[PDB]
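Look below for two forms of one protein chain, each set out as structure tokens: first structure 1, then structure 2.
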Structure 1
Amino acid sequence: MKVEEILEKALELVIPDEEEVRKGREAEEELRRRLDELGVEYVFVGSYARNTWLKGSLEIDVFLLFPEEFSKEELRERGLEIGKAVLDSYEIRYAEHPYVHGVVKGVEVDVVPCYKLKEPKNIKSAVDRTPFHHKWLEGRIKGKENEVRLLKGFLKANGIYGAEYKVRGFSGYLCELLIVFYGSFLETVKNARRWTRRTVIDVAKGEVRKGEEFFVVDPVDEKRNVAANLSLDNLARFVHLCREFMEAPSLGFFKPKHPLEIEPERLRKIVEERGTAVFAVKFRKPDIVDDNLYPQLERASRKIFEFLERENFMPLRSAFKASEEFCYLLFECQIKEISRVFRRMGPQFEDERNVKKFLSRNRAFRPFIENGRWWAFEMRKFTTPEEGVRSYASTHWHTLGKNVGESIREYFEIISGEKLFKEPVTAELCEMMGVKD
């Protein structure tokens, strides 16, 4: 086991097998034929076009080029019109920029419409850079596609591959830029060990400077941070993951991590051993795109958390999970129960103006003096973390995300103890509590 040989075995895991390669070349064949019969202008881009797709993740990207004078409405209507007629079956479902997804002779296909520009300066469509990414990349990524696959397979197995809100990791393109830049999966991992939350990679300038935040400048648009959506924590995980790989090479870094089954009984005990408060906020999954759902779940989750903390329940961490029908806001706190009374800080005896206003108040225990300033004993409306959230989520739903907030408004419940380990969150909870094994 020495990097070198480990990577040799790793290829097997990430290099598409000739059968899959065929299934793809054969679908591509079909796409064109279908497309030509229609006489539309198009270009094959993506990792399929550059032969850098992750073994087992064969998917074709076809971009329909339209004149930049066309309205956004035109692209959508005609683009979708084209896609529906060129696919075996389709599924129109996106968050902002319209496009069709489907299957052609067994393979996944993205039929994306976009304005064909010259120079990706003032992108008029969210996707306008893609065609140029392919031009810039096609001639440089030549011959290092397997180095790309190593890195992709690396990030994948470790849950930080996608760049969409559900992952907040490394986009496929980001990976190719990293390879062009560093030269190989090894060099990147090696150098990554030294990246900081300020590292700036400017591939176009063949340079690495320091900045205000992690930033990989797109060779095609110098104002574009390819790694814009890469979360801080995931950046940290990657770097740290690199340090361990280099410190102890194992091909277990390319194999999708432990499936994880565990017994709901073990959890009940790990929780009792922790003597903490573990509960979840349940509600109906808004029927909206993942790219809209997750950001909301992050917000709602945070809001609940920020509440729990200022309320002194001492929250530990939080996490969310979305089944197909429901969503869950998970939490663990140190205070299962707090006292009814508490200390509110009043003014300094010096200025009687406010002291009088402070003292003159329908109070149950009457304020005292401690270190030149008055204090008052107040009573809490709730004493447990649940009582508190039931109150918050019932009263502040409108702030828990547009859609998520509205589902909670119409229904939401809090689940504790035994009835909590029955729901589908054991994976997340264990993960949240750092239950090793």
Structure 2
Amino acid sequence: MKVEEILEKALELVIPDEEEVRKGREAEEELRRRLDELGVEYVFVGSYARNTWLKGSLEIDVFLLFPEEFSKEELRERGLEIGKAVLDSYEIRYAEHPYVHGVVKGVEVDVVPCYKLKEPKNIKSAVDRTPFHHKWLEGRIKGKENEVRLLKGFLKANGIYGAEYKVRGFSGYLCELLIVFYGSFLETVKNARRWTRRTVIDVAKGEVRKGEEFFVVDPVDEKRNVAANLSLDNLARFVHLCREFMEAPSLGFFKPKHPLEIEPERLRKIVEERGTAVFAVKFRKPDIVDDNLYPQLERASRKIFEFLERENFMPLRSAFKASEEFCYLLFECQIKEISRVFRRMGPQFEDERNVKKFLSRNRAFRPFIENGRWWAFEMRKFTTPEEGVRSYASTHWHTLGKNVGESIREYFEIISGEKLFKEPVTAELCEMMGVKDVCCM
């Protein structure tokens, strides 16, 4: 099991075969023919145009180049026009920057409008750097595509490929820069082993330095962090995987792992072994794009976790899942049930003015003195984390994300017990509690 023999096998998992390549060549040809004939300035960009796309992930990126004088309104009207004009069938769905997603001869295509700039300074739209990224990489990546494909494959198999909010990992463009920076997959992995949260990679300068955060300097624009949306945790996982890969190299690192169907009965056993409170907030999925929905689920998850922690339910971890129709916020707490009384701190016996109004209150028990200050016994209006959340989410829905919070206003319920183990959340449940052997292929 030699390292180089491992990577040679890995190639068969990440290099697309002849039939896929040809399928994309045939599509490419058709697209060009349609876009000429339309007049229209365009440019193929991204992994297709650089032959760095992953086996089974063929998708062509076309960028339409407009006069910078155009309004943003004019950009979308025209982008959508041409995109629609050029794709066999199509779909329009985006967060901020408009574009058309479609198919040309059975292959995924994205037609994206942008601005024909010269110098990626000042930037009129979010995506204006992409043509420049391509000019830059074009001649610096020839002969190193398979190398980029290994890294991509390695990341994806470990669930940290892509910088969208659903994954918060490594973009494809980031993979290319790393390969340009280190020369090979093997060199990257070897080096990544010693990246820190303060690591700055400046590709254009061929330099590694200490900064305020992890920062991969864009060759085309130095104020840009190519790794802006890679989370601290995903960086950590990557660094750790590299360490593990070099200790014990294996083809396992390039094969995806799938959730495994775990029976409700065994889940009941694990939860009662841990003796925790496990429950979810269930509600209708708001009909919005992933990049709007996921940060909103992140916020909702966080605020309720914070509520649980200030309310002394000792939350362990937290998870979320989105189905076609429902979303789920998963929670685990050390405390299944708290007492009803608690102590509220009072004023120091010194100043009477405050002590007077502190004792003026009607309570059931009778304040006392401890360490030179008054304290009182007060009652909770809930004693289980479920009851707690039910109070929280009914009362604070507006702080849980624009659309997520709105959906919770109109309907939510709290599921625990067997009722929760038959929901499609077992993968997230297992992940959350760190159940061993979960997890396969």
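Every residue number counts along structure 1's sequence, beginning with 1. We call the rigid core the largest set of C-alpha positions that still match within 1.5 Å between the two forms.
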Residue from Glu212, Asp351, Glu247, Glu119 whose Cα, after superposing the rigid core, lies 2 Å or more away between the two structures: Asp351
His258 CA shift between the two structures in angstrom, with the core used for superposition: 3.7
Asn362: CA movement between the two structures [superposed on rigid core, Å]: 1.3
